[PDB]
Amino acid sequence: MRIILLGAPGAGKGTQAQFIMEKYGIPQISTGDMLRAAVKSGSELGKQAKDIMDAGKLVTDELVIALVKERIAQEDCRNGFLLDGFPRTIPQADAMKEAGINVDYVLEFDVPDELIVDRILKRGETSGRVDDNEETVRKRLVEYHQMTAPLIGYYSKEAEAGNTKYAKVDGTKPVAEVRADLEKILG
Ligand SMILES: Nc1ncnc2c1ncn2[C@@H]1O[C@H](COP(=O)(O)OP(=O)(O)OP(=O)(O)OP(=O)(O)OP(=O)(O)OC[C@H]2O[C@@H](n3cnc4c(N)ncnc43)[C@H](O)[C@@H]2O)[C@@H](O)[C@H]1O
């Protein structure tokens, strides 16, 4: 059971991941988490991200692709995993295809741009990430619309070809209601 969660930053993807991990017994592969951990621990693979992330830019495809390939080769990903924050560009999705990483579900969280900003502010006040500042968040959203949002069509086409199942949920609904709409899809 392999699942990709698509959407804009702050769309609620990490919030919903916990429910999905618990129900299907799979770990979450969050490139954002793996990179912040790399920085903290000084790991050779990923410490380089620190400055890119605080700038609200994307990290290079080559670095994030490697981190992910290493994470998913571990035995606890044998029976599936939940990708949260990867693929974030077309080249990253192409690498998965070329490496034979098929996925069973692609789930798109639709949330308007104006809602993201306020959602990330309200959570940036306690998690103290520099990329949750207001102006950085508006840079991340522009990058999102240019580099990441085309994945919606990329994977809508994959599902048409029978390679995955594609669904959209309305992420403006409250947390419990989003959860239940995702269960209608996955169950
Ligand atoms: N693959 C990659 N390639 C290249 N670079 C990469 C990369 N991956 C990472 N990077 C780099 O690393 C940086 C960080 O990326 P990344 O770690 O991915 O940060 P992010 O996931 O984009 O930001 P969030 O974690 O806040 O988004 P979310 O969808 O999880 O929303 P959330 O659930 O938290 O919820 C948000 C807020 O809303 C709340 N909320 C959640 N759901 C709802 C709801 N239904 N209704 C109301 N409020 C809700 C939440 O409580 C919360 O406060 C990137 O900018 C890049 O530099």
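Structure determination for this entry, per the PDB record, employed X-ray crystallography and reached 2.00 Å resolution.

Could you clarify how one ought to interpret the site of the ligand in this entry?
Taken together, 29 residues surround the ligand, and among them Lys13, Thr15, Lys57, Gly85 and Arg123 come closest. Here a nitrogen atom of the ligand sits 2.8 Å away from a polar atom, N or O, in the main chain of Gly85. Contacts to the ligand include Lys173, whose backbone N or O atom sits 2.8 Å from a nitrogen atom. Protein coverage of the free-state accessible area of the ligand, which is 1000 Å², stands at 86%. Counting residues per element, the ones that place at least two in the shell around the ligand are α1 (13-24), α2 (31-41), α6 (113-127) and α9 (175-186). A total of four residues in the shell around the ligand trace back to one element, the largest contributor, which is α2. For the shell around the ligand, the residue count by class is 11 nonpolar, nine polar and nine charged.

Any chance you could explain the packing of helix α5 (residues 90-98) against helix α8 (residues 150-160) here in plain terms?
In a pair of packed helices, the angle between the axes and the distance between the axes together describe the arrangement. At their nearest, the axes of α5 and α8 sit 10 Å apart, and the two run at 30° to each other. Considering the angle they form, α5 stands roughly parallel to α8. Residues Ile90, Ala93, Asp94, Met96 and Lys97 of α5 lie in contact with α8, whose contacting residues are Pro150, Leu151, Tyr154 and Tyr155. Classifying every residue of the contact of α5 with α8 gives seven nonpolar, no polar and two charged.

Would you explain α8 in this entry?
The periodicity of an α-helix, 3.6 residues per turn, causes residues three or four positions apart to be oriented the same way. Buried within α8 we find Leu151, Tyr154 and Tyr155. The arc that holds the buried residues of α8, viewed along the axis, is 85°, so those residues lie on one side. The exposed residues of α8 that point more than 90 degrees off its buried face are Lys157 and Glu160. In this structure, the buried side of α8 is in contact with β1 (2-7), α5, β4 (105-110), α7 (134-148) and β5 (165-170). The positive-phi residue at the C-terminal boundary of α8 is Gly162, with phi of around 80°.

Basis of the calculations
The residue numbers shown here are sequential, starting from 1 for each chain in the order of its written sequence. They can differ from the numbering used in the entry, and residues that have no coordinates are not displayed. The basis for every side-chain value is the complete set of heavy atoms in the structure, and neither hydrogens nor water enter the calculation. Near, as used in this document, describes a residue that has one of its heavy atoms within 4 Å of the molecule or strand being considered. By the criterion applied in these results, polar contacts are pairs of N or O atoms within 3.5 Å in which, for protein atoms, one can donate a hydrogen and the other can accept it, and in which residues neighboring in sequence qualify only through two side-chain atoms. Using a 1.4 Å probe, the Shrake-Rupley method yields the accessible areas, and only the shown protein chains count as cover for residues. Under the DSSP-based scheme used, a helix requires at least four consecutive residues in state H or I and a strand at least two consecutive residues in state E, with every element numbered from the N terminus. In this classification, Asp, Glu, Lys and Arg are treated as charged, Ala, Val, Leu, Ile, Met, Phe, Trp, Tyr, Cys and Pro as nonpolar, and every other residue, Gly included, as polar. In this analysis an axis means a line fitted to C-alpha atoms, helices contributing only their contacting stretch, and an angle means the value between N-to-C directions, from 0 to 180 degrees. Angular relationships are summarised with four words: roughly parallel below 35 degrees, roughly antiparallel beyond 145, roughly perpendicular across 65 to 115, and oblique for the angles in between. Pairs of residues are marked as contacts when any of their non-hydrogen atoms sit within 4.5 Å. Exposure classes here rest on a 1.4 Å probe applied to the protein chains alone. A residue is buried below 20% of its type maximum, exposed above 50%, and partly exposed in between. As used here, the arc is the angular range of directions from the helix axis to the C-beta atoms.

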